[PDB]
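Positions of Cβ are backbone-derived with ideal geometry, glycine not excepted, and every protein chain shown enters the neighbour counts. Basis: the model, the stated rules and, where named, an outside source; no laboratory instrument gave them.
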Amino acid sequence: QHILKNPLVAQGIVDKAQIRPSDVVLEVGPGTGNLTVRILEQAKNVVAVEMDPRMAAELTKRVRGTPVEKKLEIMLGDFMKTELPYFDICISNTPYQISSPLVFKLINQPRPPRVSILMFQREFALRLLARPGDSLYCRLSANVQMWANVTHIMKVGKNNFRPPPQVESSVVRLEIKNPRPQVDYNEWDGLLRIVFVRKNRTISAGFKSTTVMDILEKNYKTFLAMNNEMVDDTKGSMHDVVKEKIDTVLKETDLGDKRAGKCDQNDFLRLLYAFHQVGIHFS
Amino acid sequence: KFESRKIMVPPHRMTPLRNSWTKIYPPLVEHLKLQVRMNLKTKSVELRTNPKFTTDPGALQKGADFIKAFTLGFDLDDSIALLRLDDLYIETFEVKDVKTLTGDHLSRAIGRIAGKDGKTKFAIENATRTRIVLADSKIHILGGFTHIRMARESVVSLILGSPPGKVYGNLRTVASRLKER
Amino acid sequence: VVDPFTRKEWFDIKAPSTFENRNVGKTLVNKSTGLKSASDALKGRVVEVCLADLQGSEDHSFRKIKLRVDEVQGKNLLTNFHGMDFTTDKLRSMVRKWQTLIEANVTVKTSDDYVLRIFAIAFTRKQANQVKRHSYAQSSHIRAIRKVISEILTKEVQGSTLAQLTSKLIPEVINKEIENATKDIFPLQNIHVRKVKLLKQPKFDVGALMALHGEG
Amino acid sequence: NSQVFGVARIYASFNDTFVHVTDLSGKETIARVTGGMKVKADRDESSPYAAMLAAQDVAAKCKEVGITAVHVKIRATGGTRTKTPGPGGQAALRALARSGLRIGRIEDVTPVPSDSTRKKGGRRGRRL
RNA sequence: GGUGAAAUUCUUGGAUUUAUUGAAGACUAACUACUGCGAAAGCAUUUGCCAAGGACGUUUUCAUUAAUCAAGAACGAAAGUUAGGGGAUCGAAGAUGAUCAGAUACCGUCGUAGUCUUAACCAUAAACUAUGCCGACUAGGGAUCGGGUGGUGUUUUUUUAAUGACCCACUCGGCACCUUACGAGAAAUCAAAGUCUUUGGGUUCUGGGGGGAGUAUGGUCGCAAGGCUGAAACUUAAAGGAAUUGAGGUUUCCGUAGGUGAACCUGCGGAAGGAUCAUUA
C-alpha cells in the first residue's frame, strides 16, 4: 500500500489526460482521493471501482456537500471479475500486480476507450516503450504496438510517494487503435510466444523444439479435419513432412537467419501470412 | 525357541566399546535378561534369547536397537534412555542428500553444523531434546519423532547456507513454543 | 467377498544335491483351473535364501543364493542355481578407509552353454610391522593383481560346468587360489567372490535335472 | 520343526510406510497395509503410530493366513534420496517384534546407485 | 504423491508395492585422503592401441644454445549461438493449485530450450594461492608421494637364492602441515607478504579517491549474444576503504541466460571475502 503524496505531479497527470467536459471516465484505483475530485470537477460522470469498502465509504463521505456529489459512481469488487460500464477515457493508479493482464483487458473491450493515463513500473514502462532492435523489445512490446499506441509522459521519482518505495514509477499514455487491426488475436499471440520463447535465436532454430512441432501437427490435423482431406503417407508422424513445409516457408520469408528481437512488425506479419497460405495455424 | 541377532561393529568403534563393555553387559542381563557374546573373529556382537529367560521378544528388539544406536557413535546415557523408553528413534541422513556440497564447501557445512566448540549443535541439544552425532559426512539424530523432525528441519535449513543467527532465532522460537505444550 | 487365500494351495520348494540342507521352504500357488495351469506359472520364480540356512553353520551368513524354478511334479517343485550375492552390510563392513579396493569381473561360457559373469573383490592391508597408516598399492600392482584374478577365474570356470563350480564355491577354495597366486605381488587381505549371475542359458535338459535331483 | 517361512518388505518413505508380506519369492503377495489407510488426518500416515498400527494389523493377517516366520528386509525410498530407513520402518520392525512373530535374517535392501542421474532441487537444494 | 497446513495429478480398464525380463540415454557412489597428474581450464569402471610428460639414475652428448617478454599465436569452466544425432534424469521459459495475520515452515505436477555428442563459433568466471616468472641466501619438527643408495634387518617362496611388501638410515624433486620470530607488516598475518630510510639480481603487466561507468563516442573481432580498447561534463568532503578491540524478508557474491509487484525470481557452473564438536590414529 503506497500513497502518492506529491501535490505537483498530480495536476500534470490531470491535464495530460485530455478530458473534455463531456467524457465518461473510468478512474480505476482512486487511492486517497487527491486525483479523483478534479476529474469530478471537469467531467460530467466519473465511475470509480474500489476494492476496500472502508475506503469507498471514506470517498463517498468526502464528496458530501460538494456540487459534484451526484456525478460520482462507486463500484465494488475485484477489477478482473466485474463487468465494466460504458466509459470514454481511463485513468489507472492500481497496484502493479495487475499490470500485465489488464492492459490486454483494455484491448479486448468492445467499443474500446480513446485515451488512458496509466501509472506503471519503470521496467514495465520501458518494456512497453521498446522499439525493435533494442534490448527491451519483447512479446509484450510487439503486442502493445499491435493493439495500441504508447507514449511516455514524465518520470516519477521514488520520494514522491508515502512511503517512498525502492523503485521508480512512470506515467504512460495509451490509445486503442480505431479501428483495430484485422489480424486474428490468438494466432498472433501463439506466433509471438513461439518466436519469443528465446529472444536471441533465429526463427528457424526456434521451430526445432518438440512441443511446437507437436502443436503444429495437432493444428494441421484439425485443419484437415474441418477441411475434410485425407492425410497422405509419412515416414513417422506426418509433421516431419510438415518440417520441409516449414523449411520451404523459410525460403521466401528469408527469416531463417534473422532473429525475433531484431525484426520489425512487417516481417512478423509477412511470416504469419506465410503460414496462412500454406495452411499452418496456431489456434 | 532361541533367537539370534548379529550386529556388526566398525573397527574404529571397537576400542570405545571395550572401555564401555563392563558398563553394558551387566544391565543387559539384570534388567533385560538377554545373553550377549562378543565375537572378535567376525568383529560382531551376538544377541540371543532363550525361553528360559524373560518371555519378551521386544526385549531382544530393544537390545538390538540399543547396540545399533551405540555402534553408530552415540553416548552411553542416550542409549540407556533408548532402552528405558519406547519412543526414541534415529534419523540418519547425509549432507549431499540435501544439497550437493563438494570440497571445502562440505567441510564448511560440517563446521557450520558443529560451530565453535560444538555449541551451536549443543544449542539444538538444548532446544529439541534430541541427540545429534556427526559422522565424517553422515549425521544421526536420536529422540522423539516430532523432536527428530524439528531437529532435522533445523539442521537441514542450516546446511543450505543459512547463518547461525537465523537458526538461533528459530531455536529460541521453537523452545518457547515447545515448552508450553 | 472372494477370499482367494482359502482358494490357494501350498507347495514345497527344495534345493539341489550340492547343498546339505536341500529343503528350502514353502510357497503358495492358486488352483490350476481352466485356461490357466499351475506348472507354467512356476517356471519364472527366483527364490533367495541365505547360505547359512542351506549349510547349517553361521560362517556363510553373508552370502545369499538366488535359485530359479525348473520342474514341478507331485506337490514337489525342483529348482536350479541362478546366482550368488553378498549381503550389503558385509560390503559396508569390508570397505573401510586407508586401503585400496580392487575389483574384477570376467564373463565366461562354461563347458555347457551357461554364459556367466563373475565378480571378485580384494583389499589391501599392513603386514603387522608397519608404522605407515594407509598402505595403498601402486597402479601397476593393481593391474597385475586384476590380471591374475581374471585369469584364475576364467581358468576355474571355463573348464567345468556349474555343478562342480558351485561345489567349489561352497568351500571358497577360489579365495585360497587367488591368495596363493598373488602372495608375491602384494599381501592382499580379504578376498571374496562377491557376485555371480546367469547371463545365457541352454535348453531345459530335464535329464541333467533328474541327475542332480532325485533325493529324499 | 514345522515352520512356514515368508518374507516382509518394509518400504519407509518420507510420507508413508508400506509393509508387504509375501512367500519366499516375491510372487503371490499376502497382505499390504499402509499408514494412509489406518489414520485419517493427512499428516500422521508417516507417524510411527500409524506404522505400528499397520504392522499389528498385517501381523494379525499373517498369523491368520498361516505363515509364522518372516525374513524381513527394510528399505527407504532409495535412489538419489536418503537411502536409509526412517523412524516408520524402525517402528514397524519393533511392532512386528511385539507381535511375537518369528524374525530372522535382518538385512536392508535400499537401492544404492553408482553415481546415477541428478536429484531434485537444482543446485540450491530443497528449501526444507 | 506432496508440503507448515492443502490442492492439481494417477487410481476397482488395478494407482502405489511385490516378482521376472527388456530398452533408452546419462553418471562413475563406497574405496576418496589437508593423496596424485596437467600450462591453466580440468581429470576417477575394465582392457587394448597411439603419441606425450615430470622426477630419479648416468665417469652419455653438444658448449651458452639462456631468463622475461610489445607484435603475433595455441588452449581456455559453465552459460550462449548455426546445423546433424538420439533425447533417460534434471530442468531457465511456459501451462496450471491455493494464497491460510505467519510463510517464520514462499511450495506442487507436467514440461520447451538446455543438459550428452559431431562439425563450426564465442572467449568470459570469486578463471582465487584474491600472492607474475626466473636465480640465490636465511629456522626447528613430524608425516606423505615418485626415483635412487646402504642394512651377514623382517616376511611370503618351499628352501629361505632375485623380486614383491614392511622396517631403519640418507638423498633428489613435489603436495601440503605444526611451532617460533633472525626479520616484515597498519593489522589480520607471512619461511615469504623476509634478506629496505642502513633503501639496486634480471624482466613483463598493472594502479595513482568514490559515484558518473566499464557508461558515451570512435576503432577492431564476433552470425548474434557480446568481447578488447576506453572518456568527459556534473557531484561528495561528518566522501571511499583495510584490520582489530572497546509491516515483511534476512547467507554474501561472480561469469552467463531467461522472466517481471515492491529493482526481484529461477536454470548451469564457480568462490568463502562463512563458526570442526564427539571417537580413533
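Looking at (1) in contact with a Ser or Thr (Cβ under 6 Å, 6 or more places away or on another chain); (2) surrounded by fewer than 19 Cβ atoms within 10 Å (Cβ to Cβ); (3) over 30 Å from B:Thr42 (Cα atoms), which is the one condition that is false for C:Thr18?
In the conditions (1) in contact with a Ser or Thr (Cβ under 6 Å, 6 or more places away or on another chain); (2) surrounded by fewer than 19 Cβ atoms within 10 Å (Cβ to Cβ); (3) over 30 Å from B:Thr42 (Cα atoms), C:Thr18 misses (3) alone.
Is there any pair with a first residue in segment D:1-17 that is farther than 18 Å from D:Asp108 by Cα and of a type outside the set (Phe, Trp, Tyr) and a second that is more than 10 Å from RNA strand E (Cβ to nearest atom) and in a loop (DSSP other than H, G, I, E, B) whose Cβ atoms are under 7 Å apart and which are 6 or more apart or on different chains, and what are they?
Filtered contacts from segment D:1-17: D:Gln3/D:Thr68; D:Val4/D:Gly66; D:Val4/D:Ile67; D:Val4/D:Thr68.
Of all residues in segment D:1-30 being among the small types (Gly, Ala, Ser) and within 12 Å of the chain's Cα centre (by Cα), which is nearest to D:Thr77 (Cα to Cα)? I'd like the intermediate steps shown before the answer.
If we filter segment D:1-30 for residues that are among the small types (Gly, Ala, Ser), which is where we start, we get D:2, D:6, D:8, D:12-13, D:25-26.
So of that shortlist, the ones also within 12 Å of the chain's Cα centre (by Cα) come out as D:8, D:12-13.
Values: D:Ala8: 16, D:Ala12: 7, D:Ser13: 5 Å.
Per the stated criteria, the residue is D:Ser13.
How many residues, within segment B:107-137, are crowded, with 17+ Cβ neighbours inside 10 Å, more than 12 Å from chain D (Cβ to nearest Cβ) and of a type outside the set (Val, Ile, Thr)?
The total comes to 5.
Just give me the residues in segment C:67-82 being away from chain D (no Cβ under 14 Å) and surrounded by fewer than 19 Cβ atoms within 10 Å (Cβ to Cβ), in sequence order.
C:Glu71, C:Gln73, C:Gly74, C:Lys75, C:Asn76
In segment D:10-43, which residues are of a type in the set (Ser, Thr, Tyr) and in a loop (DSSP other than H, G, I, E, B)? Spell out the reasoning first.
Restricting attention to segment D:10-43, the residues satisfying the condition of being of a type in the set (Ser, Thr, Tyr) are D:11, D:13, D:17, D:22, D:25, D:29, D:34.
Those that are of a type in the set (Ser, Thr, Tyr) and in a loop (DSSP other than H, G, I, E, B): D:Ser13, D:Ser25, D:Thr29.
I'm checking my understanding of the structure. Among residues of segment D:71-91 that are hydrophobic (A, V, I, L, M, F, W, C) and within 13 Å of RNA strand E (Cβ to nearest atom), which one is farthest from D:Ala59 (Cα to Cα)?
Step one: of segment D:71-91, the residues hydrophobic (A, V, I, L, M, F, W, C) are D:72, D:74, D:76, D:91.
Right, trim to within 13 Å of RNA strand E (Cβ to nearest atom) and you get D:72, D:74, D:76.
Details: D:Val72: 12, D:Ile74: 16, D:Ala76: 21 Å.
Ranking the candidates gives D:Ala76 first.
Is there a residue being within 10 Å of RNA strand E (Cβ to nearest atom), within 14 Å of chain D (Cβ to nearest Cβ), β-branched (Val, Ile, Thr) and outside any loop (DSSP other than H, G, I, E, B) anywhere in segment B:171-181?
no
Specify which of the listed residues (A:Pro101, A:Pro164) is within 16 Å of RNA strand E (Cβ to nearest atom), surrounded by fewer than 17 Cβ atoms within 10 Å (Cβ to Cβ), assigned to a loop (DSSP other than H, G, I, E, B) and not β-branched (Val, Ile, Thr). Before you say what the answer is, go through the steps one by one.
Working: A:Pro101 fails: assigned to a loop (DSSP other than H, G, I, E, B).
Sole residue among the options that is within 16 Å of RNA strand E (Cβ to nearest atom), surrounded by fewer than 17 Cβ atoms within 10 Å (Cβ to Cβ), assigned to a loop (DSSP other than H, G, I, E, B) and not β-branched (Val, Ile, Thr): A:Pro164.
Among the residues of segment C:138-147, write down those that are in a helix (DSSP H, G or I) and either within 14 Å of another protein chain (Cβ to nearest Cβ) or within 8 Å of RNA strand E (Cβ to nearest atom) (or both).
We begin by selecting, within segment C:138-147, every residue in a helix (DSSP H, G or I); these are C:139-147.
Passing the criteria: C:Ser139, C:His141, C:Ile142, C:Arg143, C:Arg146, C:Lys147.
Kindly provide the set of residues from segment A:29-70 that are over 14 Å from A:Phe87 (Cβ atoms), touching a strand residue (DSSP E or B) at 6+ places or on another chain (Cβ under 8 Å) and assigned to a helix (DSSP H, G or I), ordered by number.
A:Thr36, A:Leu40, A:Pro53, A:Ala56, A:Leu59, A:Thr60
Can you name the residue in segment C:40-50 that is out of contact with any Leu (no Cβ under 9 Å at 6 or more places or on another chain) and within 30 Å of D:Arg105 (Cα to Cα) and, of all such residues, is nearest to the other protein chains (Cβ to nearest Cβ)? Give the derivation first.
Taking segment C:40-50 and keeping what is out of contact with any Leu (no Cβ under 9 Å at 6 or more places or on another chain), we get C:40-41, C:43-44, C:50.
Cutting the leftovers down to within 30 Å of D:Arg105 (Cα to Cα) gives us C:41, C:43-44, C:50.
Numbers: C:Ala41: 8, C:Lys43: 12, C:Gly44: 9, C:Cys50: 5 Å.
Ranking the qualifying residues of segment C:40-50, first place goes to C:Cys50.
Among the residues in segment A:78-87, are any among the aromatic types (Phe, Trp, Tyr) and either more than 16 Å from RNA strand E (Cβ to nearest atom) or within 14 Å of another protein chain (Cβ to nearest Cβ) (or both)?
Here is the first cut: in segment A:78-87, the ones among the aromatic types (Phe, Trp, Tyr) are A:79, A:86-87.
Subsequent filtering for residues that are either more than 16 Å from RNA strand E (Cβ to nearest atom) or within 14 Å of another protein chain (Cβ to nearest Cβ) (or both) retains A:86-87.
Yes, segment A:78-87 contains a residue that is among the aromatic types (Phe, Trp, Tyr) and either more than 16 Å from RNA strand E (Cβ to nearest atom) or within 14 Å of another protein chain (Cβ to nearest Cβ) (or both).
If I ask for residues that are touching a residue at least 40 places away in the same chain (Cβ under 8 Å) and either outside the structural domain of B:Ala151 (by CATH) or more than 10 Å from RNA strand E (Cβ to nearest atom) (or both), which ones from segment B:96-116 would you list?
B:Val98
Among the listed residues A:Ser170, A:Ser135, A:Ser141, which satisfies the condition of being surrounded by fewer than 19 Cβ atoms within 10 Å (Cβ to Cβ), within 11 Å of RNA strand E (Cβ to nearest atom) and either over 14 Å from the mean Cα position of the chain (by Cα) or among the polar types (S, T, N, Q) (or both)? Before the answer, list the steps.
Numbers: A:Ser170 fails: surrounded by fewer than 19 Cβ atoms within 10 Å (Cβ to Cβ); A:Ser141 fails: surrounded by fewer than 19 Cβ atoms within 10 Å (Cβ to Cβ).
Exactly one residue qualifies, and that residue is A:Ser135.
Across segment D:1-44, what is the number of residues that are crowded, with 16+ Cβ neighbours inside 10 Å and either more than 10 Å from chain C (Cβ to nearest Cβ) or near RNA strand E (Cβ under 7 Å from one of its atoms) (or both)?
23
Restricting attention to segment A:1-28, which residues are surrounded by fewer than 18 Cβ atoms within 10 Å (Cβ to Cβ) and part of a loop (DSSP other than H, G, I, E, B)?
Selection gives A:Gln1, A:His2, A:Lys5, A:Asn6, A:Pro7, A:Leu8, A:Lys16, A:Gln18, A:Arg20, A:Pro21, A:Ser22.
Can you pull out the residues in segment D:81-103 that are surrounded by fewer than 20 Cβ atoms within 10 Å (Cβ to Cβ) and either in contact with a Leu (Cβ under 7 Å, 6 or more places away or on another chain) or facing chain B (nearest Cβ under 8 Å) (or both)?
D:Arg81, D:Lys83, D:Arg98, D:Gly100, D:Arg102, listed by residue number.
When you check B:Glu91 against the structure, is it touching a residue at least 60 places away in the same chain (Cβ under 8 Å) and either under 30 Å from B:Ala59 (Cα atoms) or more than 12 Å from chain D (Cβ to nearest Cβ) (or both), yes or no?
Working: touching a residue at least 60 places away in the same chain (Cβ under 8 Å): yes; either under 30 Å from B:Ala59 (Cα atoms) or more than 12 Å from chain D (Cβ to nearest Cβ) (or both): yes.
The answer is yes for B:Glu91.
Report those helices (runs of 4 or more DSSP H) wholly inside segment A:186-283 carrying at least 1 residues which are without any contact (Cβ under 8 Å) to a residue 12 or more places away in the chain and more than 13 Å from RNA strand E (Cβ to nearest atom).
Details: elements: A:203-206, A:210-227, A:239-249, A:265-277.
Answer list for segment A:186-283: A:210-227, A:239-249, A:265-277.
Among the residues of segment A:29-71, count how many are basic (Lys, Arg), closer than 25 Å to A:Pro113 by Cα and within 31 Å of the chain's Cα centre (by Cα). Break it down stepwise before answering.
Let us first name the residues in segment A:29-71 that are basic (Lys, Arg), namely A:38, A:44, A:54, A:61-62, A:64, A:70-71.
Now narrow it down to the ones that are closer than 25 Å to A:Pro113 by Cα: A:38, A:44, A:70-71.
Okay, now just the ones that are also within 31 Å of the chain's Cα centre (by Cα), so A:38, A:44, A:71.
Residues that pass the stated criteria total 3.
Here are some residues: C:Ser135, C:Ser150. Which one is among the small types (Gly, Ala, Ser), near RNA strand E (Cβ under 8 Å from one of its atoms) and over 26 Å from the mean Cα position of the chain (by Cα)?
Numbers: C:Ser150 fails: over 26 Å from the mean Cα position of the chain (by Cα).
Result: C:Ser135 is the single residue among C:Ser135, C:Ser150 that is among the small types (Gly, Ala, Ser), near RNA strand E (Cβ under 8 Å from one of its atoms) and over 26 Å from the mean Cα position of the chain (by Cα).
When you look at C:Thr100, is it away from every other protein chain (no Cβ under 14 Å), among the β-branched types (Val, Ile, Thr), touching a residue at least 40 places away in the same chain (Cβ under 8 Å) and buried (at least 16 other Cβ atoms within 10 Å of the Cβ), yes or no?
On the way: away from every other protein chain (no Cβ under 14 Å): yes; among the β-branched types (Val, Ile, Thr): yes; touching a residue at least 40 places away in the same chain (Cβ under 8 Å): yes; buried (at least 16 other Cβ atoms within 10 Å of the Cβ): yes.
Here the answer is yes, as C:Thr100 does meet what is asked.
Provide a single number: the residues in segment C:90-123 that are part of a helix (DSSP H, G or I) and of a type in the set (A, V, I, L, M). Break it down stepwise before answering.
Taking segment C:90-123 and keeping what is part of a helix (DSSP H, G or I), we get C:90-94.
Filter once more, so that each one left must be of a type in the set (A, V, I, L, M): C:91, C:94.
Residues that pass the stated criteria total 2.
Here are some residues: C:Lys64, C:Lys36. Which one is more than 12 Å from every other protein chain (Cβ to nearest Cβ), among the charged types (D, E, K, R) and outside any helix (DSSP H, G or I)?
Details: C:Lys64 fails: more than 12 Å from every other protein chain (Cβ to nearest Cβ).
Only one candidate qualifies: C:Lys36.
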